[PDB]
C-alpha cells in the first residue's frame, strides 16, 4: 500500500512517540522509517543505553544525519567520563572540532602525551575562535607547560591574517615579552599603510619582521606600488628569513602583474627563478602576453613544470606565443593539432586557429545492468526516490550527495543516469562530474527549461545558446541555488541587481526569496544580460565578464588598451573566478549551439579584437 507516516512524524516532531510506536510494524518496509526512529531516539538520547545507540549506528550508519547523532552522543560519553566508548566511535572524518578537542583531552588523560600535544597544537594554530571544549584542552596543554610564547605569537599572526581582531587582540594581552609587537601587528593588519613610517618599524628582531611582513602582504593587495618602494628598505632593515622575503615578493608581484605593471617582471624573476610557485609563473607569463612580449612569453612556456606544461592552457599559449613571435614558423600547426582534438576552451581555440571544426565527441557511458540495479535497489537511493515523489526536493537531494560520497566510479555514473531519467538535472550533472566521465554530453548539458530559456532570449535579441550556457555555468540547473554571498536561482541574480532590474525593465518581483521560481529568475536574468550585452556593443566575451564581475571591473580591465586580442584579454582577467566563468560560458555556448542546431563558433568575428580607444 502507501503510508500515512506524516501522523507519526508530526507527533514526533515536537512531541510523542505513540503514533510511531503504533504504526512502526506497518512502516517496516517503508524506506523513510529510519528518519522517525532517529528522531524518536534523539529525543530520549540522554536516557538511552550504549547498546541501543551502538545497535542504531550499526543498522543506520548510512543515514545522512548520523554525524549529528554521534556529536550529540559523544558529548554525553565525555561528560560521563565513559571514554572506552568515546574512542570506539570518535571519527576525525566528521570534522567536528568539539569532538577533536574532546579526543585531545582523552589523549592527555590516558598516557598519549606526545599525541595529545600534537592534537592541541593543531587545534590551537588556527586563526579563528574554537569551541568551549577546546579551552578545556588548551588549558591542560598550557598547564603541562607547552603553550610557549612562540605558539601564542604564531596564532596571533594567523588571527590577524583571518581578520579576527578581537581574537588577535586577546592573544596580544597574553604575550609576556612581546606585547609591544603584538599590538603593532593588530594595528598594521588593520591599516598596513602605516609602514610608510619606517622609523616606527625598524626595531631589528624577528617579531618586528613578522609584523612588517604581514603588513607588506596586505598592503600589496590594495596598494602594490607603495609596498614595492617599502620592500627595498625593509629587507635591509630587518631580519627576514629567506622564505619570509619570497612570500612578500610574491604578493607584491602578483598584485602588480594584475595591474599590468611591468615592474612585476624583475621582482618575480629574482624571487622565484626556479618557477616553483605555479601562480607566480602563470601570472609572469600572463603579464608578458598583455605587454605583447611574445618572444619572452614563448621562452617561458618551454621552461614550465610538468603539471603546467601538461594542461591545455599552456600547450595553447606555447603554440600561440610562438605563432605571434614567429609568424612564418610551422611548429605552431603541429602543436595546435594535438590540442584541437580536446573538447575544452583551449581545444576550441586551437581548432579555431587551424580553421577546423570542433570535436565535441558525445560518447555516452557504457553501464553494467547489475551495477545500475545495485545502485537503484540501494537503501539511500530508495529513500531519495521517495523524498522526490513526496515533493521534498532538499531531503531527496541530501540523500543523493551523501550516498555518492563513498560510491566508486561505476556506481557514480549509474547514479547519474538514474537521475537524468527522472529529469532531475543538477544531481545528474553533479554525480557524473564526481565520476569525471566528461564525454556524456546529454547528461552534462541538458535542455532544462528550454521553452522558457528560448522565449526570454528572443525577447532581448540574444542567442539561445548564450543563455543556456550562462544558466548552466551559474547554477547547473539547480533552481534554488545560493552562493557564498546570496546570489540566487538559475541565473544567480544578486538581490541588489534583481531588485534594480525589476523596477527598470517592468518585471514584477515579490521578494529576494521569489528568485527560486524559474520563470521569475530567467526573466530578469536575461534582462540584465541584454542590458550588459548592449553596454559592450554586443560583445559576448565582455558582456559575459560584466555579468559575473560587474561592468565597472570590465571597464577597469579594458583600461589603456589598443587592438587587444580576445584570447589574451580572457587570459589576463585578474579574477580567477571570472576568468574560468568566461572560458566556461563561451565553451558551453559552443556545445549548446550544436544541441539547438544553431552552430556557434567560440567567438564571433566582431569579438576578436577590442579596446577602450
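Residue numbers count along the first chain shown, from 1.
Report task. Averaging the C-alpha B factors as listed in the entry, name the stretch that ends up higher: 283-291 or 366-374. Result -> Averaging CA B-factors over each stretch, the winner is 366-374.
Query raised in the report: Should the higher mean CA B-factor in the entry be assigned to 248-256 or to 484-492?
Result: So the stretch with the higher mean C-alpha B-factor is 484-492.
Query raised in the report: Which one of 264, 517, 470, 324 shows the biggest C-alpha B-factor in the PDB entry?
Result: That would be 517.
Query - Residue with highest C-alpha B-factor in the PDB entry, from 452, 107, 196, 88 - result: If I rank 452, 107, 196, 88 by C-alpha B-factor, first place goes to 452.
**Report entry** Among modelled residues of the same chain, the CA temperature factor third for residue 27
**Finding:** Top third by C-alpha B-factor.
Query raised in the report: Where does residue 36 sit by CA temperature factor within its chain: lowest, middle or highest third?
Result: CA B-factor rank for residue 36: highest third.
Query raised in the report: Thinking about Cα B factors across the chain, which third does residue 611 belong to?
Result: Lowest third.
Requested in this report: Can you work out whether the C-alpha temperature factor of residue 383 puts it in the lowest, middle or highest third of the chain?
Outcome: Answer is middle: the recorded C-alpha B-factor places it there.
Query raised in the report: For residue 135, does the deposited CA B-factor place it in the lowest, middle or highest third of the chain?
Result: Ranked within chain, residue 135 CA B lands in the highest tercile.
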